[PDB]
Protein chains: 6
Amino acid sequence: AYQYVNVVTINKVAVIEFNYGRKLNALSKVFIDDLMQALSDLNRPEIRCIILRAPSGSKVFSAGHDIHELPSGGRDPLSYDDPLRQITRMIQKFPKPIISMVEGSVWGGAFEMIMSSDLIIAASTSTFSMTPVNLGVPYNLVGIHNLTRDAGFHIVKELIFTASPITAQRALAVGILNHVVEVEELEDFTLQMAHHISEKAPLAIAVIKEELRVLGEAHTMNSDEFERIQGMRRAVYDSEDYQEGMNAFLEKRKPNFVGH
Amino acid sequence: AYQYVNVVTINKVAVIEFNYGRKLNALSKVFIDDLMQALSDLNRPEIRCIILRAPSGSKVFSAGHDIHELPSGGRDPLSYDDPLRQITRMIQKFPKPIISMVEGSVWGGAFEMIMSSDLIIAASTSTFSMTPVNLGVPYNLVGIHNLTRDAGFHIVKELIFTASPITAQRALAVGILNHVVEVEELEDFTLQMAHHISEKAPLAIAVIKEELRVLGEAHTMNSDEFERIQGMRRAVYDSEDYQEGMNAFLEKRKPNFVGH
Amino acid sequence: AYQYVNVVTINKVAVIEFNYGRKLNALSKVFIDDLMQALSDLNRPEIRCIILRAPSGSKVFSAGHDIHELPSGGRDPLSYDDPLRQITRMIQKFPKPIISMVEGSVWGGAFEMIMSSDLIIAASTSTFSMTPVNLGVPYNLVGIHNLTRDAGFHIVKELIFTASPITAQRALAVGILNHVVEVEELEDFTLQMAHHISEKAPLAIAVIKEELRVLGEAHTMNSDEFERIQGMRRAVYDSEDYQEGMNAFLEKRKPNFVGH
Amino acid sequence: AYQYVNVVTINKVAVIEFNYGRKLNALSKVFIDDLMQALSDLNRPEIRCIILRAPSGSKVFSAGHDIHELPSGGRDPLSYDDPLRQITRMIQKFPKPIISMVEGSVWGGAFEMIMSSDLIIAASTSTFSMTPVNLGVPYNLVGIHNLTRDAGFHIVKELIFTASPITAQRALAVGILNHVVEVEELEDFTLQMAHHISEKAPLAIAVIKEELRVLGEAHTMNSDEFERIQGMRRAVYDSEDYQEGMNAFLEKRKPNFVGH
Amino acid sequence: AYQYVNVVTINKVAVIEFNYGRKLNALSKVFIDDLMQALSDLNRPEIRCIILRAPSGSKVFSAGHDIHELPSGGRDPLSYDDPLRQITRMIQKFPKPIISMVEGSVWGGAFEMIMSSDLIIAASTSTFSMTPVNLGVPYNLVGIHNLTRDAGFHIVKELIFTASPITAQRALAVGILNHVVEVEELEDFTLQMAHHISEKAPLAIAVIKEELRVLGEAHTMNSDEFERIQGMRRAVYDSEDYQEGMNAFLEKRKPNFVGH
Amino acid sequence: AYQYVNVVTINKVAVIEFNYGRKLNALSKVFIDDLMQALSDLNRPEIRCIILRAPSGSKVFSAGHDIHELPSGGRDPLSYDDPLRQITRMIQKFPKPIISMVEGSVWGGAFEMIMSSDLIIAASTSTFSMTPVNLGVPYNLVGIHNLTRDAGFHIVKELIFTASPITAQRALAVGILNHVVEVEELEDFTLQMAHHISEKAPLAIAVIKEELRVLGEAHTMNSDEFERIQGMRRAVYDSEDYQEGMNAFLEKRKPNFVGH
Ligand SMILES: CC(C(=O)SCCNC(=O)CCNC(=O)[C@H](O)C(C)(C)COP(=O)(O)OP(=O)(O)OC[C@H]1O[C@@H](n2cnc3c(N)ncnc32)[C@H](O)[C@@H]1OP(=O)(O)O)=[N+]([O-])[O-]
Ligand SMILES: CC(C(=O)SCCNC(=O)CCNC(=O)[C@H](O)C(C)(C)COP(=O)(O)OP(=O)(O)OC[C@H]1O[C@@H](n2cnc3c(N)ncnc32)[C@H](O)[C@@H]1OP(=O)(O)O)=[N+]([O-])[O-]
Ligand SMILES: CC(C(=O)SCCNC(=O)CCNC(=O)[C@H](O)C(C)(C)COP(=O)(O)OP(=O)(O)OC[C@H]1O[C@@H](n2cnc3c(N)ncnc32)[C@H](O)[C@@H]1OP(=O)(O)O)=[N+]([O-])[O-]
Ligand SMILES: CC(C(=O)SCCNC(=O)CCNC(=O)[C@H](O)C(C)(C)COP(=O)(O)OP(=O)(O)OC[C@H]1O[C@@H](n2cnc3c(N)ncnc32)[C@H](O)[C@@H]1OP(=O)(O)O)=[N+]([O-])[O-]
Ligand SMILES: [K+]
Ligand code: NI
Ligand code: NI
Ligand code: NI
C-alpha cells in the first residue's frame, strides 16, 4: 500500500489511481515518490500494461507542478532531480506501455506528464492547459521537447503562449490524444485496449518503446547552445516577473508582468 | 518483363503493379528483388513519377514479411541488406516521387514500405496494421524511424503496441495518408496527381526530396547508445518469446508470451 | 515611419500591415527590409505580441518571391543573407510571439514566411501553395526544414511536388493552421488571442520560444552531407530547366522541363 | 576478498592488483567480474583515487581478450555486455580517477582497457600492441572510439593495421602515456601522484571527469550509418578469415587470410 | 585608452598588454571588460594580427579567476555571461589571429583563456596549471571543451586532476604550445610571426578560423545529457566542499574536502 | 597503363608513383582522374596495401592545386566534385590501407591529400606547407576537417595562418607523420611496413578503417550553421583579395591583400 496512490490489478493490467485529492493531485515530491515506487513495484513479468488515472468523477485530473515547491527566485525551478523531471524520465524508460486515462482538467506539468506517456485516452469532458507562462517559469528544454512529438509547432506554441484550455475534441484533432470517449465508457474502453496489448510480445514492445524514446531524444546541439539557453533560463528565474508570478499565485490575484 | 511485377507507362508516369497474389504480395526476396529491378529500370529522364499498387480488386495489398524467410536461428532478419531494408532505402533515395496507391489490407513491413514512399492515396475500404509485436520481433531503429514522420508518437505507439488495424478514414485523420478515395475513383485520382507532378521541374523535385530525406534521417546519437540498443534487440532475438511468436504464426495458433 | 508597412499599436499588441499591394506584397528586398525595420523597432518591453497581416480585403496575402530579383547568372537567391532567409531568422529569433493573420492567397516564399511565424489564424477563403517546382528552384535546406514542423512528411511532399493550392480547411486539418474563421471575425478572433498572450509572462514566453527554435533546428549532419547537398543544389541552378522555369514565369507561359 | 584481484587501501588511494597470472591476466569473464566487483566495493566517499596494476615484476601486464571465450560460432564477441565492453564503461563512468600503472606487455583488449582509464604511468620496459587484425576481429565502434582520444589518426591506424608493439618511449611521445618511470620507481611515483590527487575536491574531479566522458562520446551519427557499420561487422564475423584467425591463434600457427 | 590594458600598434600588428599587475592580472570583471573593449576597438581592416601579453618581466602572466568574484554557493560560478566565458567566446569569434605571448606563470581560467587563443608562444621559464579542483569548482562543459583540442585526454586529465604546474618544455611536448623561446627572444620571435601572418589573406584566415571554431564546437549531445550534467554541477556548487574550498583560499589554508 | 601515374605491384602491395613531374605533380584534373582510375583498378582481393609516392629524387612531391584550373568567375573551386574533394573521399573510403611515402616538398591540397591517407612515412629532408592564405582561398569545411585529426588546433592554426613550411622532424613531433627516415631508407622502410600490413586480416582492416572514417566525420552541425559558413565562403570567393591572390600567383609577384 501507498499513502498517495491506490493500485488495482486486472489480469496482466495494473491501474495506478492518484490519491492526493486534497492538493488536486499536484505533482508534489511525496506524491511522485509514491507514484515512482508503485511503478517500480509493478516492473515484473506478469504485469504487461499500466494505466495512470485520477479517481472516478474527478473535476481535476492533476493541478500540475506543486507551485509551493518551486524555488523563491535565483534557483532553477526544473532541475534534473525535480519530481516532474524524474516522473517523465521514469514513464519514458519504463519497459511496459503506460496509458494515461484522463477524466477532468489537466494543468502544466501534468500535461507534460501525460504527453510523456505512451497513449492518452480521455473523457469527452476533459480539458488540457499548459500554464508556465501564467507564473513566469522558464520551462526546461527536456520538458518542452516532451511536448513536441504529437501536435505541430504552431499548435504547441498556441497552447504554451496562451495558457488557454483546449477541449478533448480539439486535443484529438491536433494529435495529442489517441481516443475520446464518453466518461461512462472511459474505464472499460481503456482496459479493453490494455488487455489487448497485454497479449502481445512484451520484450518486442519494450525494445520498440526504447527505440522510440532514443529517436525522440535524438535532437542534438553543442555545449555552447545549451549553456546559452541555460543563461537565458537563469535571467528568467532571476527576474522580477518570476517573483511576481509566484506572489500572485500565493495572493490569489492576477499577476502584473513587466518584462524584467 | 519481370516474374513478380507488371510495369505500365502512361507518358511520364510509371505504374509498378505487384504480381505475387498467390502469396498475398508477401515481401519475399524474389518479389522485392523484382520491384527493385523494375524501379532501377525506370530511373530514366522521361519517367517523372512512380505509382506502386496491388492489382485491381486485391483484398490484401501486402501481407508483409514472409514468415518462411524469417530465421529462427540468431540471425536478425532486419539487418542492413535484408530486402525490406534495401527497398525502403531505394524508395527514399529514388530521384522521382513514388506514390503508394493502396487497395486492400496493409501489414507490417508492407506498412513501413508505403510509409517510406512520398505520398499515400488509399481506397476508403483499405486498412493498415503494424504487426511485429504479434511475433515478438525486435523491429530495427531505421525501420521504426520510418514510421515516425507522419502521425505523432502516441498514434504510432497505439499502432505498434496494439497491432490493431486502422481504417483509411482514421489513417487520413492522423496524417498517415494524403487522400482517401472510393475504390472506383482510386486509379484515376492517383494517375491525375502523378501526371500533374510530372509537369513540374524534376531536378527541383529530386533535390527537395533528397533534402527532406537527409533532414528526416538527421536524428543523431552516439555509438554507445546504438550498441546498447543492438544488445537489447539481440536479447529479444535470443528470447523464448521470439521462438514462440514464430512457431505460433507457422502453426496458426495464439502465442503464449511470458517475457523471456 | 515606413514606406512599405503600416504599424498600429493597441495596448501591448502591434499590428504590422503590408503596404506593397501594387506588387501583391511580393517579397522584394525594399518591402522585406521595411518589415524587418518595423519588427526591430517593436522589440521593446511594452510590446508583447505581433500580428502580421495584409490589408483588409486583400485577394493576395503575398505573391512570394519577386521574379525580377531572381538572379539568372549563377547566384543562389536562397543564400544566407537574401531577404526571405533574413526575415525567417528574424521572426524565429524575435522574443515576442508573431501571429500571421491571413486573408487572401499565400504563395511560395510567403508560405515559408508564415510557417516560420508562431501561430497562423486564417480566413475561411484563404489558400496556400508552395511553388518552387513551378520554376525549377532548388529550395535550400533551412527553407525546407521550416516547412516540416507542422504537417507530416507525406503532406509536405504533396504540397511541394504538386505546387497545388490547399484550402484553409485542409491546412487546418493537416496541422499547418491554428484556426480558420469567417473573414468578418478574423480581426476580433486574432486580437482577442494576441491581447490574452500579452497578459502572460513575456520572459517565460521568450525563453520557451527560443527553446522550441533550437530544438526545431537540432537535426544535425556532418560536413560531407551538407557539401553533397550543396553540390546537388548548384547542379539544379546550372540546369537548362532552371533557365526555362524563370523564362516561362517572365513570359507568362507554361514551362516545358526536360530533366537537365 | 576476491579470487582474481588483490585490493590494498592506503588512506584515500586503492590499488587493485590483478591475480590471474595462470592466464597472464587475460580478460576472462571471471577475472573482469572480480575487477568490476572490487571497483564497485571501492565507490565510497573516503576513496578518492584508484590504481590498476599487474603484480610487481610481471613480464605480461595483460594478454588481452581470452580467445577461448571469443565465440567461433556466430555471435559478436564485442557485444554491449561482453566483459571488455562492461569494464571500459565502468572505468569511464567511475566517479574517481583510475590510473593504469603498467609493468609488462599490454595486448589488444587490455590496451583498450588502459586507454579507457584516466592516466597511464608505465615502466620504461613496458610495451603496447593492438591486435584484432591478427585474428580477423571486426572491432566495435565504441572500442575503436576509445583508442582515438590520445594519439592522432595516422598513429592509431599504424598501431591497429600493423598490430606491432610500440615501446613506452614511443607511447609517451605520441601522447598515449602520461609518464614513463624506471620500473624500481614506478610504484612510488604513481602512489605519490595518487595521494596528491586525493587531496583535491572529489565532487569537482567527478563532474569534470563525467564532462570529459560525455564530450569524448559526442561524435554522433544517424541510425542508417550505425546499421550500415553493423552489417559490415557481421560480414566480417561471418567470413572464412574470421574462422581462420581464431583457429590459427588456438593452433599457434600463422593465419592464411584470403579476403573472404 | 584603457585603465587595465595598454595597446600598441606596429604596422598591422596590435599588442594588448595587461595593466593589472597589482592583482597579478586576475580575471576581474573590470579587467576583462577592458580587454574586450580593446579587442572590439581593434576589429578594423588595417589590423591583421593580435598579440596578448603580460608586461615584460612578469612573474605571474595571470592568477586566473578573481576568487572575490566567485558567488558564495547555490549559484553557478561559470554562467554564460561570466567574464571568462565572454572573453573565450570573443577570442574564438574574433576574425583575426590572436597569439598569446606568455611570460610568467598561468593559472586556471587564464590557462583556459590562452588555450582559447589561436597560437601560444611562451618563455622557457613559463609554467601552466589548471586549478578548479583546488577550490571544488564544477568547471562548465564549454570551458572543459576549450582544454581538449591540443593535448590528449590522459594529459588533460592529469593537468586538471592534479592541478600541478607543467613546464613550457612539457607543454610544448604534449601539443599545448606552438613554440618555446628564451625570454630575451620572446618579443622579437612573436612579433616576426605576427608581421608574417599580417601579409597573408585576412578574409581566408577569418573564414578558416571560423570553420575551425564550429568544427571544434561540433561535439553534440541531447538535452537530457546536458541537463543531467547541469544537475551534477549544481550538486557541486551546492556542496559544503565548494564553500570549504572558497573559505580555505580566502583564509590562506589547505582545504579539508569530505565529499559532500 | 596510365598517362600520369606508374603502378608496380609485388605480391599484395601496389605502389602508385606520380608521373607528372613536368608540372610538379600539381593536382590537375587529368592527373587526379588517372590516380583515381589506378586506385579503382587496384580494388581487388589480392591487393592488400597501397603506397602513393613521387619518383625517386623528386624535389617537389606535389605543388598542390593547379592555379590554372582555379575559377576566377565566382565558382567555388573546392565544390563537392572538385578533383581534390573526390580523391580525399576516395582515399578515405578505400577498403585497403593507403600509405603516403613522401620525398620532397608538399604544398596546399597535396598536404590535405596525404593527411587524408592512413599513414605518412617521410624522408628527413621532406617539407610540408598549407598555403590557401597565400592566394585568399576560402578552404571548405570537409578539407579543413581533414587537417584536424593528427596535430592539435594551435599547431594546425600556425600551419594555416603562416603558410610557413615545417620540417619532417617537426611534422613527426606534432603528430602529422608516422615515421621519418633518411631518404636512402625510405623505399625499404615503407615496403617492409606495407608487406607486414598485407599479412593481416584485410576484412578487419577495412571495417576498422571505415569505423575510423565515420567517427572522424561525426562532428555534426545544423543546417543554419552550414548555410552561414557557406555565405562566409562565398563572400571570400567574391572578394577583391581572391582576385588579387590568383593574379599575383599568375604574375609571379607577391599579393597585396586589403581585407575586401
Ligand atoms: C511545470 C510547471 C507547472 O506545472 S506550474 C503549475 C501549473 N498549475 C496550474 O496552473 C494550475 C493552478 N491551479 C488552478 O488553476 C486551480 O487551482 C484549479 C487546478 C483549476 C482548481 O481550481 P479550484 O477552484 O477547484 O481549487 P483551488 O483554486 O481553490 O485550489 C485548491 C487548493 O489547491 C491549491 N493548488 C491548486 N493548484 C496547485 C498547484 N499546482 N500547486 C500547489 N497548490 C495548488 C490552491 O492554492 C488551493 O489552496 P488553498 O486550499 O490553500 O486555497 N511549470 O513549469 O510551471
Ligand atoms: C526563389 C524562388 C523564386 O524566386 S520564384 C520567382 C517567381 N515567384 C513565384 O513563383 C511565387 C508564386 N507567385 C506567383 O505565381 C505569381 O506572383 C502570382 C500569385 C500568380 C500572381 O501573379 P499574377 O500574374 O496573377 O499577378 P497580377 O497579374 O494580378 O499582378 C499584379 C502586379 O504584381 C506584379 N507581380 C505579381 N507577382 C509577382 C512576382 N512574383 N514578382 C514580382 N512582381 C509580381 C505584376 O507584375 C503586377 O504588377 P504591374 O501591374 O506593375 O506589372 N522560389 O523559391 O520559388
Ligand atoms: C580485444 C582483442 C584481443 O585482445 S586479441 C588477443 C591478443 N593477445 C595476444 O596475442 C597475446 C596472446 N598471448 C601471447 O602472445 C603469449 O601468451 C604471451 C603474452 C606473449 C606470453 O607467452 P608465454 O610463453 O609467457 O606464456 P603462454 O603463451 O604459455 O601463456 C600462459 C597461459 O595463458 C594462456 N593465454 C595466453 N594468452 C591468452 C589469451 N589471449 N587468451 C586465453 N589464454 C591465453 C596460455 O594458453 C597459457 O595457458 P595454459 O597453461 O593453460 O596453456 N581482439 O578482439 O582482438
Ligand atoms: C577558472 C578557475 C580558476 O581560475 S581557479 C583559481 C585560479 N587561480 C589560481 O589558482 C591562482 C592562485 N593564486 C596564487 O597562487 C597566488 O596569489 C600567486 C599567483 C600564485 C603567486 O603567489 P603570491 O605569493 O605571489 O601571491 P601574491 O602574494 O603575490 O599576491 C599579490 C596581490 O594580488 C592579489 N591576488 C592574488 N591572487 C589573487 C586572486 N586569485 N584573486 C584576487 N586577488 C588576487 C592579492 O590579494 C595581492 O593583492 P593585495 O596586495 O592588494 O592584497 N577555476 O574555475 O578554478
Ligand atoms: K536598419
Ligand atoms: Ni526531429
Ligand atoms: Ni556536512
Ligand atoms: Ni571530435
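Using Swiss-Prot numbers, chain F covers 2-261, in order.
Going by what the header records, the deposited coordinates were determined by X-ray crystallography, 1.7 Å.
Cβ from N, Cα, C; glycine included.
Some features that Swiss-Prot has for this protein:
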BINDING   F:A64, F:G65, F:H66, F:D67, F:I68, F:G110, F:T132, F:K253  substrate binding site
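Features recorded in Swiss-Prot, as mapped to the structure shown.
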{"residue": "F:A64", "record": "substrate binding site", "Cβ contacts under 8 Å, 6 or more apart": "F:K24, F:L25, F:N26, F:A27, F:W108, F:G109, F:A111"}
{"residue": "F:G65", "record": "substrate binding site", "Cβ contacts under 8 Å, 6 or more apart": "F:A27, F:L28, F:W108, F:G109, F:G110, F:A111, F:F112, F:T132"}
{"residue": "F:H66", "record": "substrate binding site", "Cβ contacts under 8 Å, 6 or more apart": "F:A27, F:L28, F:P78, F:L85, F:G109, F:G110"}
{"residue": "F:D67", "record": "substrate binding site", "Cβ contacts under 8 Å, 6 or more apart": "F:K24, F:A27, F:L28, F:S29, F:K30"}
{"residue": "F:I68", "record": "substrate binding site", "Cβ contacts under 8 Å, 6 or more apart": "F:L136, F:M247, F:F250, F:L251"}
{"residue": "F:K253", "record": "substrate binding site", "Cβ contacts under 8 Å, 6 or more apart": "none"}
For this session: Select one residue from F:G110, F:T132: among these binding-site residues, choose the one with the most other Cβ atoms within 10 Å of its Cβ.
Result: F:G110
Exercise. Substrate site residues F:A64, F:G65, F:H66, F:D67, F:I68, F:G110, F:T132, F:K253: biggest Cα-Cα distance, Å?
Worked result: 20
Problem set entry | DSSP three-state assignment (helix, strand or coil) for F:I68 (substrate binding site) | helix
